[PDB]
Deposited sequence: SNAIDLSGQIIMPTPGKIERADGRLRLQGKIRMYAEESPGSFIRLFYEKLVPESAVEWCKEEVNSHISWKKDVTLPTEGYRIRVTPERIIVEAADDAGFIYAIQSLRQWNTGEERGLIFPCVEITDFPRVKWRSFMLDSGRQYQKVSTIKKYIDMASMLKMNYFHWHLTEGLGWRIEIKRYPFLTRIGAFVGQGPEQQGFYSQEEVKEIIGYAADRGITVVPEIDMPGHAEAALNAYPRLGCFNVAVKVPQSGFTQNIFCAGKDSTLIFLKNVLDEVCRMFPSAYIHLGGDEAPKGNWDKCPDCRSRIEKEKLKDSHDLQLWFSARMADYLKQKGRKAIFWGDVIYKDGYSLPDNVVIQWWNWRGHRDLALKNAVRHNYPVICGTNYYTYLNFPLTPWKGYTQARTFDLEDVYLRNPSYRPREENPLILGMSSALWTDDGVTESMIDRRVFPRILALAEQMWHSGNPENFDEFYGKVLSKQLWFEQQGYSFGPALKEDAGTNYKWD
């Protein structure tokens, strides 16, 4: 119709349009099972689809083109038919997302202006993270943001499931982690967890729309809720206040406990990547078990202990065939060397600029670019509670000055970009969209669109032109420019 966001790599308009109303005949070269549920949900109900044996009689065909890049697709709309080609199922899903936006919506059914679109992602890692540790969001809300990620052609949903204020991932072997740990928070929407059944539902929902769900199980820090469940995981069988105390690396029982947890996490989450956090040595510096461990392993200090600990967990993931992601803090200082399945998520630009990026390259660790400036969508456009002027930014900042956007080819160690919505300071479900939109559109554009010229005025014009369509999909917009926010914008 008008435009597709994020911007496709190549769009060539042709004369005419194709109207599809009534029973729609379709042909697929291979079993369409993996992408077809999304098509039925977003474009044409299964009741209106007739599957054809002969392609020539179909209105839409779904064909493999092995010459396309991974996740790439081609769409040709002619006055007679649509031919959709992809190298893999991800490509078909992204083609479907483009068809959703290409439909004019002028009438009932579908109307597609004739076109050839050829499209593929700039970077291999394109993620959105939601903080479900500090706040609980209902399952339908988790689905909403997975659906958003797919809509914007991302491929990973990073699910931050454990925090001092909430352990929300059910572990059958240790029932107290959720039965106690998911109810330690006392504020609005801070109670609840995701059962293994709900996780199975979420994984299936995500798979239907090309999203891999990357769980984050934080260790050794952010353990307060877990320690409420199992105080013996700490240095001593002692009680622990939950802040509106970390896992003891010195106890083999703690490592064994955490390995048992990862056993279940790996059964539930087929993701090749598991995030272990790794970002407070108060308890360690005095623990007989942590100081003993430093001795036995020939470590330097408390920090080196955290590296050793991170190394043991990553090695465990390695023998399970998974990669381990850690926040970049881990490698600010050299020390005990991390195994070759480690990935680094670079985040603290404001405090440390590109330190983590630089140390990750020195050590040959792949990197995800997720810097707070300007991928942390929890930073409002104007000050709010714990966010002062220093932790605010707008659509111009993210589009024009994002340290995480690096369009120059570069080291293949750089995997891509992340975006995040942390729920610090009581961000309830009703408060999420006004932070996420429209700035996530600039992040999605940087992740997907080729590094071709597109100035802010053109990009912002597209945002405004597509806004009501995005709202009709259920996504409310917050202010785009600092000026839009005025003097007393309501962030709560």
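Missing from the model, by position in the deposited sequence, are residues 1 to 7, 252 to 256, 292 to 293.
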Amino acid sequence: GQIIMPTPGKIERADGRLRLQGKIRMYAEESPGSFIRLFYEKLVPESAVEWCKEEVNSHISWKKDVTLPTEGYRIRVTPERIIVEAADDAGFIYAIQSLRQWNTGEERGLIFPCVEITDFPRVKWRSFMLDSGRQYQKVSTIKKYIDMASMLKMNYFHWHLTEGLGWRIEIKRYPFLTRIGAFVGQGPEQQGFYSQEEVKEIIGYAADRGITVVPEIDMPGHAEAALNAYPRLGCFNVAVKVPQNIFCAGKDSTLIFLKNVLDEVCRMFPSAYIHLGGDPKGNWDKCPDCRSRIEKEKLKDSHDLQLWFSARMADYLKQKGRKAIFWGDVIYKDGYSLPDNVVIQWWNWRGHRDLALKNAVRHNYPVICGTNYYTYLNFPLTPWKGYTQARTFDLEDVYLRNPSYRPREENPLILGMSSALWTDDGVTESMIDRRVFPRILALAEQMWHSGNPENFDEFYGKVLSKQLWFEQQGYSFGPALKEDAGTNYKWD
From here on, numbers count along this sequence of modelled residues.
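Higher mean CA temperature factor, per the PDB entry, when comparing 323 to 331 with 126 to 134: 323 to 331. Mean C-alpha B-factor is higher over 347 to 355 than over the other stretch, the pair under comparison being 347 to 355 and 394 to 402.
Across the residues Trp51, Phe437, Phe456, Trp448, the deposited record lists the maximum Cα B factor for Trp51. In this entry, the residue among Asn378, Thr371, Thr78, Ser337 with the greatest C-alpha B factor is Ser337.
Per the deposited record, the Cα B-factor of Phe257 falls in the highest third when ranked against the other modelled residues of its chain. Sort the modelled residues of the chain by CA B factor and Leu468 lands in the lowest third. The deposited CA B-factor of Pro121 belongs to the lowest third of values across its chain. In the deposited entry, the Cα temperature factor of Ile36 places it in the highest third of its chain's modelled residues.
Among the modelled residues of its chain, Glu71 has a C-alpha B-factor that falls in the lowest third according to the deposited record.
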